[PDB]
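*Asks:* If you scroll down you'll find the structure; I have some questions about it.
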Number of protein chains: 2
Amino acid sequence: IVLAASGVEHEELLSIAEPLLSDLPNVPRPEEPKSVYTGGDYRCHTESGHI
Amino acid sequence: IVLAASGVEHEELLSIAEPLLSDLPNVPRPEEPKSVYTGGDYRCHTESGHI
């Protein structure tokens, strides 16, 4: 998680977000899944109601 | 057009069906269309309410 402000001086948002967002428990980020690039082909002629 | 009967004497059937079909005009038969075999592939998933 990450906040991001575009018009807020840092002290305001920090003093506001510390009391609320400091309670989330600590857990180590699981690894990312795996994707590979392969060839392929896909095909679907439009509906006969459009031909 | 061809008439095919299973349990009928030929002469009676011919006598009945001669006055009705003999009047059709004669015309050369059009040449049969053609199709050449071509290996291909087809895929289409079922409606996704039944997976």
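Within each chain, counting starts at residue 1; across the structure tokens, chains are named A, B, ... in the order shown, with ligands numbered 1 upward in that order.
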Let's have chain B fitted on chain A; use all the C-alpha atoms paired in order for the least-squares step and return it as a PDB file with N, CA, C and O atoms, in the first residue's frame.
*Replies:*
ATOM      1  N   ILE B   1       0.747  -1.057  -0.060  1.00  0.00           N
ATOM      2  CA  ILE B   1      -0.119   0.115  -0.020  1.00  0.00           C
ATOM      3  C   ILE B   1       0.741   1.367   0.071  1.00  0.00           C
ATOM      4  O   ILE B   1       1.688   1.422   0.863  1.00  0.00           O
ATOM      5  N   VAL B   2       0.410   2.373  -0.739  1.00  0.00           N
ATOM      6  CA  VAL B   2       1.116   3.651  -0.732  1.00  0.00           C
ATOM      7  C   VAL B   2       0.102   4.784  -0.846  1.00  0.00           C
ATOM      8  O   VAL B   2      -0.840   4.704  -1.642  1.00  0.00           O
ATOM      9  N   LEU B   3       0.279   5.828  -0.037  1.00  0.00           N
ATOM     10  CA  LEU B   3      -0.527   7.040  -0.128  1.00  0.00           C
ATOM     11  C   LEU B   3       0.169   8.093  -0.980  1.00  0.00           C
ATOM     12  O   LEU B   3       1.341   8.409  -0.765  1.00  0.00           O
ATOM     13  N   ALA B   4      -0.567   8.647  -1.938  1.00  0.00           N
ATOM     14  CA  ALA B   4      -0.038   9.670  -2.827  1.00  0.00           C
ATOM     15  C   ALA B   4      -0.953  10.884  -2.803  1.00  0.00           C
ATOM     16  O   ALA B   4      -2.151  10.766  -3.076  1.00  0.00           O
ATOM     17  N   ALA B   5      -0.385  12.047  -2.488  1.00  0.00           N
ATOM     18  CA  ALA B   5      -1.118  13.303  -2.462  1.00  0.00           C
ATOM     19  C   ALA B   5      -0.444  14.302  -3.388  1.00  0.00           C
ATOM     20  O   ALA B   5       0.766  14.244  -3.612  1.00  0.00           O
ATOM     21  N   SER B   6      -1.239  15.228  -3.921  1.00  0.00           N
ATOM     22  CA  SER B   6      -0.762  16.176  -4.917  1.00  0.00           C
ATOM     23  C   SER B   6      -0.546  17.586  -4.393  1.00  0.00           C
ATOM     24  O   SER B   6       0.383  18.256  -4.844  1.00  0.00           O
ATOM     25  N   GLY B   7      -1.381  18.063  -3.476  1.00  0.00           N
ATOM     26  CA  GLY B   7      -1.284  19.438  -3.032  1.00  0.00           C
ATOM     27  C   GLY B   7      -1.305  19.610  -1.530  1.00  0.00           C
ATOM     28  O   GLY B   7      -1.917  20.553  -1.022  1.00  0.00           O
ATOM     29  N   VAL B   8      -0.651  18.711  -0.803  1.00  0.00           N
ATOM     30  CA  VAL B   8      -0.742  18.662   0.649  1.00  0.00           C
ATOM     31  C   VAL B   8       0.652  18.772   1.249  1.00  0.00           C
ATOM     32  O   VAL B   8       1.601  18.153   0.756  1.00  0.00           O
ATOM     33  N   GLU B   9       0.778  19.571   2.308  1.00  0.00           N
ATOM     34  CA  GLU B   9       2.008  19.575   3.087  1.00  0.00           C
ATOM     35  C   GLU B   9       2.242  18.197   3.687  1.00  0.00           C
ATOM     36  O   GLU B   9       1.305  17.527   4.127  1.00  0.00           O
ATOM     37  N   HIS B  10       3.505  17.772   3.702  1.00  0.00           N
ATOM     38  CA  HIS B  10       3.818  16.420   4.152  1.00  0.00           C
ATOM     39  C   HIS B  10       3.503  16.232   5.628  1.00  0.00           C
ATOM     40  O   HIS B  10       3.024  15.168   6.035  1.00  0.00           O
ATOM     41  N   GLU B  11       3.768  17.248   6.449  1.00  0.00           N
ATOM     42  CA  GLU B  11       3.636  17.071   7.892  1.00  0.00           C
ATOM     43  C   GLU B  11       2.179  16.916   8.313  1.00  0.00           C
ATOM     44  O   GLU B  11       1.861  16.064   9.148  1.00  0.00           O
ATOM     45  N   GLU B  12       1.279  17.723   7.749  1.00  0.00           N
ATOM     46  CA  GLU B  12      -0.130  17.611   8.110  1.00  0.00           C
ATOM     47  C   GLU B  12      -0.698  16.262   7.691  1.00  0.00           C
ATOM     48  O   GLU B  12      -1.404  15.600   8.463  1.00  0.00           O
ATOM     49  N   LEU B  13      -0.400  15.840   6.461  1.00  0.00           N
ATOM     50  CA  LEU B  13      -0.892  14.555   5.979  1.00  0.00           C
ATOM     51  C   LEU B  13      -0.333  13.409   6.808  1.00  0.00           C
ATOM     52  O   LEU B  13      -1.050  12.456   7.125  1.00  0.00           O
ATOM     53  N   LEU B  14       0.950  13.483   7.164  1.00  0.00           N
ATOM     54  CA  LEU B  14       1.540  12.451   8.007  1.00  0.00           C
ATOM     55  C   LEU B  14       0.882  12.418   9.379  1.00  0.00           C
ATOM     56  O   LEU B  14       0.608  11.338   9.915  1.00  0.00           O
ATOM     57  N   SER B  15       0.616  13.588   9.964  1.00  0.00           N
ATOM     58  CA  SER B  15      -0.025  13.631  11.273  1.00  0.00           C
ATOM     59  C   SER B  15      -1.422  13.032  11.221  1.00  0.00           C
ATOM     60  O   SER B  15      -1.843  12.339  12.153  1.00  0.00           O
ATOM     61  N   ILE B  16      -2.160  13.296  10.142  1.00  0.00           N
ATOM     62  CA  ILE B  16      -3.509  12.751  10.025  1.00  0.00           C
ATOM     63  C   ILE B  16      -3.471  11.243   9.802  1.00  0.00           C
ATOM     64  O   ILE B  16      -4.247  10.497  10.408  1.00  0.00           O
ATOM     65  N   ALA B  17      -2.571  10.766   8.940  1.00  0.00           N
ATOM     66  CA  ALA B  17      -2.592   9.376   8.503  1.00  0.00           C
ATOM     67  C   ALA B  17      -1.658   8.459   9.284  1.00  0.00           C
ATOM     68  O   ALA B  17      -1.546   7.282   8.932  1.00  0.00           O
ATOM     69  N   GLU B  18      -0.982   8.957  10.317  1.00  0.00           N
ATOM     70  CA  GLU B  18      -0.154   8.092  11.151  1.00  0.00           C
ATOM     71  C   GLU B  18      -0.973   7.263  12.141  1.00  0.00           C
ATOM     72  O   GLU B  18      -0.698   6.066  12.296  1.00  0.00           O
ATOM     73  N   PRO B  19      -1.966   7.832  12.837  1.00  0.00           N
ATOM     74  CA  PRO B  19      -2.744   7.008  13.778  1.00  0.00           C
ATOM     75  C   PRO B  19      -3.584   5.929  13.117  1.00  0.00           C
ATOM     76  O   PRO B  19      -3.973   4.974  13.800  1.00  0.00           O
ATOM     77  N   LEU B  20      -3.881   6.041  11.824  1.00  0.00           N
ATOM     78  CA  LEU B  20      -4.805   5.121  11.171  1.00  0.00           C
ATOM     79  C   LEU B  20      -4.117   3.947  10.489  1.00  0.00           C
ATOM     80  O   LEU B  20      -4.645   2.831  10.518  1.00  0.00           O
ATOM     81  N   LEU B  21      -2.955   4.158   9.877  1.00  0.00           N
ATOM     82  CA  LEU B  21      -2.312   3.115   9.090  1.00  0.00           C
ATOM     83  C   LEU B  21      -1.177   2.412   9.818  1.00  0.00           C
ATOM     84  O   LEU B  21      -0.767   1.332   9.386  1.00  0.00           O
ATOM     85  N   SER B  22      -0.659   2.989  10.903  1.00  0.00           N
ATOM     86  CA  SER B  22       0.500   2.409  11.569  1.00  0.00           C
ATOM     87  C   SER B  22       0.182   1.097  12.273  1.00  0.00           C
ATOM     88  O   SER B  22       1.109   0.363  12.629  1.00  0.00           O
ATOM     89  N   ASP B  23      -1.094   0.787  12.485  1.00  0.00           N
ATOM     90  CA  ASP B  23      -1.480  -0.394  13.242  1.00  0.00           C
ATOM     91  C   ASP B  23      -1.550  -1.660  12.396  1.00  0.00           C
ATOM     92  O   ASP B  23      -1.619  -2.756  12.962  1.00  0.00           O
ATOM     93  N   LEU B  24      -1.527  -1.543  11.073  1.00  0.00           N
ATOM     94  CA  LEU B  24      -1.608  -2.722  10.221  1.00  0.00           C
ATOM     95  C   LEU B  24      -0.407  -3.629  10.472  1.00  0.00           C
ATOM     96  O   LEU B  24       0.728  -3.140  10.549  1.00  0.00           O
ATOM     97  N   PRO B  25      -0.609  -4.938  10.610  1.00  0.00           N
ATOM     98  CA  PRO B  25       0.528  -5.835  10.835  1.00  0.00           C
ATOM     99  C   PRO B  25       1.427  -5.894   9.612  1.00  0.00           C
ATOM    100  O   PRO B  25       1.001  -5.629   8.486  1.00  0.00           O
ATOM    101  N   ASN B  26       2.689  -6.239   9.846  1.00  0.00           N
ATOM    102  CA  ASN B  26       3.648  -6.431   8.769  1.00  0.00           C
ATOM    103  C   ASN B  26       3.775  -7.911   8.430  1.00  0.00           C
ATOM    104  O   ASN B  26       3.667  -8.775   9.305  1.00  0.00           O
ATOM    105  N   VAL B  27       3.979  -8.195   7.148  1.00  0.00           N
ATOM    106  CA  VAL B  27       3.952  -9.561   6.633  1.00  0.00           C
ATOM    107  C   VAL B  27       4.810  -9.620   5.373  1.00  0.00           C
ATOM    108  O   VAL B  27       4.797  -8.674   4.573  1.00  0.00           O
ATOM    109  N   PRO B  28       5.600 -10.676   5.173  1.00  0.00           N
ATOM    110  CA  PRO B  28       6.383 -10.780   3.936  1.00  0.00           C
ATOM    111  C   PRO B  28       5.485 -10.837   2.709  1.00  0.00           C
ATOM    112  O   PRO B  28       4.448 -11.503   2.705  1.00  0.00           O
ATOM    113  N   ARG B  29       5.899 -10.136   1.663  1.00  0.00           N
ATOM    114  CA  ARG B  29       5.105 -10.078   0.444  1.00  0.00           C
ATOM    115  C   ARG B  29       5.235 -11.382  -0.342  1.00  0.00           C
ATOM    116  O   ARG B  29       6.345 -11.884  -0.533  1.00  0.00           O
ATOM    117  N   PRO B  30       4.121 -11.952  -0.789  1.00  0.00           N
ATOM    118  CA  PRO B  30       4.187 -13.173  -1.597  1.00  0.00           C
ATOM    119  C   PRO B  30       4.889 -12.932  -2.923  1.00  0.00           C
ATOM    120  O   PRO B  30       4.883 -11.831  -3.478  1.00  0.00           O
ATOM    121  N   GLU B  31       5.504 -13.998  -3.428  1.00  0.00           N
ATOM    122  CA  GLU B  31       6.289 -13.909  -4.650  1.00  0.00           C
ATOM    123  C   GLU B  31       5.385 -13.749  -5.867  1.00  0.00           C
ATOM    124  O   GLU B  31       4.319 -14.363  -5.956  1.00  0.00           O
ATOM    125  N   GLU B  32       5.825 -12.916  -6.807  1.00  0.00           N
ATOM    126  CA  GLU B  32       5.008 -12.586  -7.965  1.00  0.00           C
ATOM    127  C   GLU B  32       4.816 -13.812  -8.856  1.00  0.00           C
ATOM    128  O   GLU B  32       5.756 -14.585  -9.061  1.00  0.00           O
ATOM    129  N   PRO B  33       3.617 -14.016  -9.399  1.00  0.00           N
ATOM    130  CA  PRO B  33       3.419 -15.102 -10.362  1.00  0.00           C
ATOM    131  C   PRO B  33       4.181 -14.840 -11.649  1.00  0.00           C
ATOM    132  O   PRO B  33       4.767 -13.776 -11.855  1.00  0.00           O
ATOM    133  N   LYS B  34       4.164 -15.835 -12.529  1.00  0.00           N
ATOM    134  CA  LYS B  34       4.935 -15.784 -13.759  1.00  0.00           C
ATOM    135  C   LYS B  34       4.088 -16.224 -14.946  1.00  0.00           C
ATOM    136  O   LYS B  34       3.136 -16.998 -14.806  1.00  0.00           O
ATOM    137  N   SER B  35       4.448 -15.710 -16.119  1.00  0.00           N
ATOM    138  CA  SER B  35       3.827 -16.088 -17.378  1.00  0.00           C
ATOM    139  C   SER B  35       4.882 -16.033 -18.468  1.00  0.00           C
ATOM    140  O   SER B  35       5.593 -15.034 -18.601  1.00  0.00           O
ATOM    141  N   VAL B  36       4.974 -17.102 -19.252  1.00  0.00           N
ATOM    142  CA  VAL B  36       5.962 -17.218 -20.317  1.00  0.00           C
ATOM    143  C   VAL B  36       5.261 -16.986 -21.649  1.00  0.00           C
ATOM    144  O   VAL B  36       4.194 -17.556 -21.907  1.00  0.00           O
ATOM    145  N   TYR B  37       5.847 -16.128 -22.477  1.00  0.00           N
ATOM    146  CA  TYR B  37       5.244 -15.800 -23.760  1.00  0.00           C
ATOM    147  C   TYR B  37       5.213 -17.023 -24.668  1.00  0.00           C
ATOM    148  O   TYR B  37       6.186 -17.775 -24.762  1.00  0.00           O
ATOM    149  N   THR B  38       4.082 -17.214 -25.342  1.00  0.00           N
ATOM    150  CA  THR B  38       3.887 -18.371 -26.210  1.00  0.00           C
ATOM    151  C   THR B  38       3.004 -17.940 -27.370  1.00  0.00           C
ATOM    152  O   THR B  38       1.814 -17.674 -27.174  1.00  0.00           O
ATOM    153  N   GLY B  39       3.584 -17.867 -28.566  1.00  0.00           N
ATOM    154  CA  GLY B  39       2.843 -17.463 -29.743  1.00  0.00           C
ATOM    155  C   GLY B  39       1.640 -18.338 -30.020  1.00  0.00           C
ATOM    156  O   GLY B  39       1.751 -19.566 -30.056  1.00  0.00           O
ATOM    157  N   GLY B  40       0.482 -17.714 -30.220  1.00  0.00           N
ATOM    158  CA  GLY B  40      -0.742 -18.451 -30.461  1.00  0.00           C
ATOM    159  C   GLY B  40      -1.659 -17.748 -31.437  1.00  0.00           C
ATOM    160  O   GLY B  40      -1.260 -16.765 -32.065  1.00  0.00           O
ATOM    161  N   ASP B  41      -2.888 -18.238 -31.576  1.00  0.00           N
ATOM    162  CA  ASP B  41      -3.848 -17.655 -32.498  1.00  0.00           C
ATOM    163  C   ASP B  41      -5.251 -17.771 -31.920  1.00  0.00           C
ATOM    164  O   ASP B  41      -5.566 -18.719 -31.197  1.00  0.00           O
ATOM    165  N   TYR B  42      -6.093 -16.794 -32.255  1.00  0.00           N
ATOM    166  CA  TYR B  42      -7.466 -16.735 -31.775  1.00  0.00           C
ATOM    167  C   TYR B  42      -8.407 -16.365 -32.910  1.00  0.00           C
ATOM    168  O   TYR B  42      -8.096 -15.495 -33.727  1.00  0.00           O
ATOM    169  N   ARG B  43      -9.564 -17.022 -32.940  1.00  0.00           N
ATOM    170  CA  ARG B  43     -10.593 -16.758 -33.938  1.00  0.00           C
ATOM    171  C   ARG B  43     -11.956 -17.019 -33.319  1.00  0.00           C
ATOM    172  O   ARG B  43     -12.127 -18.001 -32.590  1.00  0.00           O
ATOM    173  N   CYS B  44     -12.918 -16.147 -33.616  1.00  0.00           N
ATOM    174  CA  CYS B  44     -14.305 -16.360 -33.212  1.00  0.00           C
ATOM    175  C   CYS B  44     -15.184 -15.432 -34.033  1.00  0.00           C
ATOM    176  O   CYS B  44     -14.976 -14.216 -34.029  1.00  0.00           O
ATOM    177  N   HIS B  45     -16.158 -16.005 -34.730  1.00  0.00           N
ATOM    178  CA  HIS B  45     -17.026 -15.233 -35.607  1.00  0.00           C
ATOM    179  C   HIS B  45     -18.055 -14.464 -34.790  1.00  0.00           C
ATOM    180  O   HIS B  45     -18.423 -14.871 -33.685  1.00  0.00           O
ATOM    181  N   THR B  46     -18.514 -13.341 -35.338  1.00  0.00           N
ATOM    182  CA  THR B  46     -19.576 -12.580 -34.698  1.00  0.00           C
ATOM    183  C   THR B  46     -20.882 -13.359 -34.729  1.00  0.00           C
ATOM    184  O   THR B  46     -21.031 -14.336 -35.468  1.00  0.00           O
ATOM    185  N   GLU B  47     -21.831 -12.924 -33.901  1.00  0.00           N
ATOM    186  CA  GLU B  47     -23.162 -13.509 -33.930  1.00  0.00           C
ATOM    187  C   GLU B  47     -23.728 -13.415 -35.338  1.00  0.00           C
ATOM    188  O   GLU B  47     -23.671 -12.361 -35.978  1.00  0.00           O
ATOM    189  N   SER B  48     -24.269 -14.525 -35.824  1.00  0.00           N
ATOM    190  CA  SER B  48     -24.643 -14.581 -37.233  1.00  0.00           C
ATOM    191  C   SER B  48     -25.876 -13.771 -37.554  1.00  0.00           C
ATOM    192  O   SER B  48     -26.377 -13.894 -38.672  1.00  0.00           O
ATOM    193  N   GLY B  49     -26.399 -12.966 -36.634  1.00  0.00           N
ATOM    194  CA  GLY B  49     -27.432 -12.009 -36.980  1.00  0.00           C
ATOM    195  C   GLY B  49     -26.918 -10.669 -37.457  1.00  0.00           C
ATOM    196  O   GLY B  49     -27.723  -9.776 -37.742  1.00  0.00           O
ATOM    197  N   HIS B  50     -25.596 -10.509 -37.552  1.00  0.00           N
ATOM    198  CA  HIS B  50     -24.981  -9.235 -37.910  1.00  0.00           C
ATOM    199  C   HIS B  50     -23.906  -9.415 -38.977  1.00  0.00           C
ATOM    200  O   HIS B  50     -22.887  -8.720 -38.959  1.00  0.00           O
ATOM    201  N   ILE B  51     -24.115 -10.340 -39.910  1.00  0.00           N
ATOM    202  CA  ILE B  51     -23.161 -10.549 -40.997  1.00  0.00           C
ATOM    203  C   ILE B  51     -23.645  -9.906 -42.293  1.00  0.00           C
ATOM    204  O   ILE B  51     -22.845  -9.345 -43.047  1.00  0.00           O
TER     205      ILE B  51
END
*Asks:* Using DSSP on the backbone coordinates, identify the residues of chain A assigned to helix (DSSP H, G or I); present them as a short mmCIF file (atom, residue, chain, number, x, y, z; two decimals) with N, CA, C and O atoms, in the first residue's frame.
*Replies:*
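Written out: selection_18.cif:
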data_model
loop_
_atom_site.label_atom_id
_atom_site.label_comp_id
_atom_site.auth_asym_id
_atom_site.auth_seq_id
_atom_site.Cartn_x
_atom_site.Cartn_y
_atom_site.Cartn_z
N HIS A 10 3.55 18.01 3.63
CA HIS A 10 3.81 16.67 4.15
C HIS A 10 3.37 16.52 5.60
O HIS A 10 2.90 15.45 6.00
N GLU A 11 3.54 17.57 6.41
CA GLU A 11 3.27 17.44 7.84
C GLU A 11 1.81 17.12 8.12
O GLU A 11 1.50 16.28 8.97
N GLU A 12 0.89 17.79 7.42
CA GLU A 12 -0.53 17.53 7.60
C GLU A 12 -0.85 16.06 7.37
O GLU A 12 -1.36 15.36 8.26
N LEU A 13 -0.54 15.57 6.17
CA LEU A 13 -0.90 14.20 5.82
C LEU A 13 -0.19 13.20 6.70
O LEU A 13 -0.76 12.16 7.05
N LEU A 14 1.05 13.48 7.09
CA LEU A 14 1.76 12.55 7.95
C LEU A 14 1.10 12.47 9.33
O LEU A 14 0.81 11.37 9.82
N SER A 15 0.83 13.62 9.95
CA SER A 15 0.23 13.61 11.27
C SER A 15 -1.19 13.07 11.24
O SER A 15 -1.72 12.67 12.28
N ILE A 16 -1.83 13.08 10.07
CA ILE A 16 -3.18 12.52 9.98
C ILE A 16 -3.13 11.02 9.75
O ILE A 16 -3.91 10.26 10.34
N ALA A 17 -2.22 10.55 8.89
CA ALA A 17 -2.20 9.15 8.51
C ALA A 17 -1.43 8.26 9.48
O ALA A 17 -1.59 7.04 9.43
N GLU A 18 -0.59 8.83 10.35
CA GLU A 18 0.09 7.99 11.34
C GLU A 18 -0.87 7.29 12.30
O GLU A 18 -0.73 6.07 12.48
N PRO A 19 -1.83 7.96 12.94
CA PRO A 19 -2.71 7.25 13.88
C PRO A 19 -3.53 6.14 13.25
O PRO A 19 -3.83 5.15 13.92
N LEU A 20 -3.91 6.27 11.98
CA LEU A 20 -4.82 5.31 11.36
C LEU A 20 -4.09 4.16 10.68
O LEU A 20 -4.54 3.01 10.76
N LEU A 21 -2.97 4.42 10.02
CA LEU A 21 -2.32 3.43 9.17
C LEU A 21 -1.13 2.74 9.84
O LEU A 21 -0.41 2.00 9.17
#
